[PDB]
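Step one of this worksheet: look at the structure below.
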2 protein chains.
Amino acid sequence: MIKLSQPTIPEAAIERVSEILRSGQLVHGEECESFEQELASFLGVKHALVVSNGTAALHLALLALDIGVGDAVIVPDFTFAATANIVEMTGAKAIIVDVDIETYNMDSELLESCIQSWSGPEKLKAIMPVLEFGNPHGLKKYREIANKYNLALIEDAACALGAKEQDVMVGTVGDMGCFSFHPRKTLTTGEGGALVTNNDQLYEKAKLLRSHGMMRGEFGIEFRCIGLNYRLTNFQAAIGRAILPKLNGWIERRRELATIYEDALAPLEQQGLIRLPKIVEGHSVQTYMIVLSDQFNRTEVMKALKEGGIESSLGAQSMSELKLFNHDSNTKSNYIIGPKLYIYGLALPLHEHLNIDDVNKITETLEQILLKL
Amino acid sequence: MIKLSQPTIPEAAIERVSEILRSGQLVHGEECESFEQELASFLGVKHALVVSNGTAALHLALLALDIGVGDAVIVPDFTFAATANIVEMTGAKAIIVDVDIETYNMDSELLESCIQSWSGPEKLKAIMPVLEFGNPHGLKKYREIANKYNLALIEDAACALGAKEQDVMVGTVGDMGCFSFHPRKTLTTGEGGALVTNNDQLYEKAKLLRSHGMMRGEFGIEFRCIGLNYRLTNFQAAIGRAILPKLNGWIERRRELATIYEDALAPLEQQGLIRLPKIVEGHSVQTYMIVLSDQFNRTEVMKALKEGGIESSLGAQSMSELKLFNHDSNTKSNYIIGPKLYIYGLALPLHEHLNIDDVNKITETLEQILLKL
Ligand SMILES: O=S(=O)(O)CCN1CCCN(CCS(=O)(=O)O)CC1
Ligand SMILES: O=S(=O)(O)CCN1CCCN(CCS(=O)(=O)O)CC1
Ligand SMILES: Cc1ncc(COP(=O)(O)O)c(CN)c1O
Ligand SMILES: Cc1ncc(COP(=O)(O)O)c(CN)c1O
Ligand SMILES: [Cl-]
Ligand SMILES: [Cl-]
Ligand SMILES: [Mg+2]
Ligand SMILES: [Mg+2]
């Protein structure tokens, strides 16, 4: 069976976890610290904090900006539910904006238009666009728009560690940026994430919030404010540190497999049967998602791929369709693209241990399903 | 150097983590499921959920009971800050009650008296007593009091997995009970925790909240409500599963070391120089904390123990002294015991790899410091 994801943990990391478990510095230590330094260096960004998961990064980003009851944040319609959920868990309201059919990312024009017509009652405080599947496209526009309207930008870069927006690493443009190390992502620590920022107060506040408001004072550990526990373990950090220096190379290989998909599938796209993703420069290809034409039933397609030894899945959800984010501004809007991607979007296997023969088999099987051969 | 804590990870668990990392079922799986079943069986309780840490268990317990803005929860003055912090992170207010000089646990009489004189404005919804250091004493009284006043009981059993209140396992008396698997605790998963309950709706709600409101529906995974990510990894769960069948035995050995401390130190207690903890039946001895007399400076004692090759620390904090929990009801109360334990309480090494000679060395060194020999 060709699998969607096969997490790759280097043997050196496995040995290192063993050493840690046996010695027994388990809690956040020199491994987390070093992982943060290496993440910061990788990204070109002043600060990193590793945390329990990608949702925690988002959560701390909201909390550090003091976003909560009375406030509003704009989220894309197409994403994993965490993006909108985590906004509402603070008390704020998730205001949904549709995404663009080509990028699968928040539509910058709908975004600006949503801001201009905003009528409260809550105060709009941030934009939380998703760089979906590792796609950076739109990011500079989101920044430009956020500044024009005096809003914070929080990058939900869950899927985009290693993606690059022209000259600038994804995650480093927002006031803060957030990454997931969930096993479906390309660097995984099983569960894990990171919150990054160029802002010292946001960093220091998130860091207090991450660990019970603890910081170092003259006579020892001080408790300066209320907080949570969103710490990552030292052995998880070690896992991540071993993957990070391989990550760019892994991404390069993924872009090469995407080239293979694109050329093999281009005729099906020509015939109007599928829409292929635009893998722009700096796309990290965390996911390769096509869109099935209208005529097809994704459930049947997936079944027939599975019978041919190929895994597939939906790409992401439609937040409007979940019916959980019920600000009047959402119920009075109309969403077109996100709901379509939710039903017709089909992720195909693309990871570190697929080769050209695997992709040829996948595309031939797709062909035979769609064209009936 | 004799150490306060030396986390014990069995070699079988280490190998199992390796297998998991290499195979790569990383996210919550059959290991978490099984760990929950074994925890439930160990405790005699209907439901367990493993979670990222002990603070997360507490958090989910609050959220599952719908505790937040407008609400109040009673917490002990002597505990780790998470207990009070996590109440306030929901929007509720932490109402502090002093603890008892012998048990280090919430004073049941001050508790009841705090309820009787409560004057809002918030609605009092719960009691969150701490079974501090693994001490069960008071637990049935907390239940009795909670029922009399129609309040939920949430056990902060962070430190008390394996402790027993007469016939009944700690954690199984509250509407919910919460455990930490932090490395200072006797079973550790590096970071980890569990939320347990005999109530099906609280279990089902916490479980939705733990993972983005996900549950199983006829055509697949459904998103039924907003939630968080508080999942534990499959490999962490494996660690915990390997420790749990050893835990009772580990506790028995700890009670035996406590016997040794008690007899070696009893003269110092006789002379009024220290107060020894009362290790009642069912105390899991997560921590052995003495209280220094007035005359002594704990900082100097700790320094001199360290120079004699012995680690020590404070036991816990005073919530009133942190000045973070500022409901009028707290600022107009007076706390006696918690503030004293905060300054005079001294934890001494007691874990799986200390022997009688280690304890004899510790108590002789203490003796020579206090009596100046
Ligand atoms: O697609 S296959 O599974 O048939 C072969 C994939 N190869 C296996 C060898 C590791 N890696 C080299 C990169 S690194 O050493 O991990 O940085 C390239 C990916
Ligand atoms: O105190 S010492 O470090 O000198 C010796 C401690 N022993 C080491 C042997 C493991 N265990 C047996 C219990 S179990 O097999 O882990 O369940 C008892 C604790
Ligand atoms: C866009 C997006 N945002 C947020 C998250 C949440 O990250 P985590 O799973 O690490 O909690 C995910 C997880 N797949 C995601 O894809
Ligand atoms: C009484 C108490 N409550 C809550 C916690 C929080 O648990 P965790 O460290 O697993 O987040 C601790 C941690 N030592 C604790 O001792
Ligand atoms: Cl190849
Ligand atoms: Cl011995
Ligand atoms: Mg060991
Ligand atoms: Mg492997």
Side-chain angles (χ1 to χ4, degrees), chain A residues 5-9 11 13-15 17-18 20-22 24-28 52-56 59 63 68-69 80-82 84-86 88-89 91 182-184 188-191 193 209 212-214 219 223-236 239 299 317 322 324-325, chain B residues 5-9 11 13-15 17-18 20-22 24-28 52-56 59 63 68-69 80-82 84-86 88-89 91 182-184 188-191 193 209 212-214 219 223-236 239 299 317 322 324-325:
Chain A
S5 134
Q6 181 198 107
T8 300
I9 313 294
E11 289 299 320
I14 295 188
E15 276 162 60
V17 169
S18 288
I20 289 162
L21 293 185
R22 200 175 292 115
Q25 171 96 36
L26 304 191
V27 63
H28 172 126
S52 306
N53 54 70
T55 307
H59 193 179
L63 291 172
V69 175
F80 179 65
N85 284 348
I86 196 60
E88 300 249 341
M89 290 295 301
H182 181 278
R184 254 103 102 192
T188 184
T189 60
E191 292 276 2
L209 283 178
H212 306 297
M214 289 160 66
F219 283 6
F223 294 85
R224 290 315 206 61
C225 59
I226 71 173
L228 292 169
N229 183 359
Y230 270 148
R231 299 191 301 250
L232 191 69
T233 73
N234 206 48
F235 48 99
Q236 281 162 290
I239 292 172
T299 290
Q317 288 93 56
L322 296 177
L324 297 178
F325 314 110
Chain B
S5 134
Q6 181 198 107
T8 300
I9 313 294
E11 289 299 320
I14 295 188
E15 276 162 60
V17 169
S18 288
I20 289 162
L21 293 185
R22 200 175 292 115
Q25 171 96 36
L26 304 191
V27 63
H28 172 126
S52 306
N53 54 70
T55 307
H59 193 179
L63 291 172
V69 175
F80 179 65
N85 284 348
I86 196 60
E88 300 249 341
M89 290 295 301
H182 181 278
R184 254 103 102 192
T188 184
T189 60
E191 292 276 2
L209 283 178
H212 306 297
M214 289 160 66
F219 283 6
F223 294 85
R224 290 315 206 61
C225 59
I226 71 173
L228 292 169
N229 183 359
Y230 270 148
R231 299 191 301 250
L232 191 69
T233 73
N234 206 48
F235 48 99
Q236 281 162 290
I239 292 172
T299 290
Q317 288 93 56
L322 296 177
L324 297 178
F325 314 110

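Naming convention: chains lettered A, B, ... in sequence-line order (proteins, then strands); numbering from 1 in each chain. Any value given below was found using the heavy atoms of this structure, including those in side chains, with hydrogens, waters and symmetry copies removed.
In this structure, the portions of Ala82(B) lying under 4.5 Å from any heavy atom of chain A include both its backbone and its side chain. For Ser5(B), no part lies near chain A; criterion is any non-hydrogen pair under 4.5 Å. There is no contact between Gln25(A) and chain B, counting heavy-atom distances below 4.5 Å. Looking at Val27(A), the atoms closer than 4.5 Å to chain B (heavy atoms on both sides) sit in the backbone and in the side chain alike. Within the 4.5 angstrom heavy-atom criterion, only backbone atoms of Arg224(B) (N, CA, C, O) approach chain A. If you measure heavy-atom distances from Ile20(A) to chain B, you find no contacts under 4.5 Å at all. Contacts between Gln317(A) and chain B at a heavy-atom distance below 4.5 Å involve the side chain alone, from C-beta outward. Looking at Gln6(A), there are no atoms closer than 4.5 Å to chain B (heavy atoms on both sides), in backbone or side chain. Neither the backbone nor the side chain of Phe219(B) comes within contact range of chain A; no heavy atom of the residue lies under 4.5 Å from a heavy atom of that chain. Contact annotation for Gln236(B): only side-chain heavy atoms (C-beta onward) come within less than 4.5 Å of a heavy atom of chain A. Looking at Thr8(A), neither its backbone nor its side chain comes within 4.5 Å of chain B, counting heavy atoms on both sides.
Between chain A and the options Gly24(B), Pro183(B), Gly68(B), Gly213(B), the largest number of non-hydrogen pairs under 4.5 Å is found for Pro183(B).
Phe223(B) and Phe80(A) have perpendicular rings, their planes meeting at more than 60° on a 0 to 90° scale where under 30° would count as parallel.
Minimum heavy-atom separation, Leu26(A) to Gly190(B): CB-CA, 3.9 Å. Annotation for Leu228(B) and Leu63(B): closest pair CD1-CD1, 4.0 Å, computed over non-hydrogen atoms.
In this structure, the side chains of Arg231(B) and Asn53(A) stay at 4.5 Å or more apart for every pair of heavy atoms.
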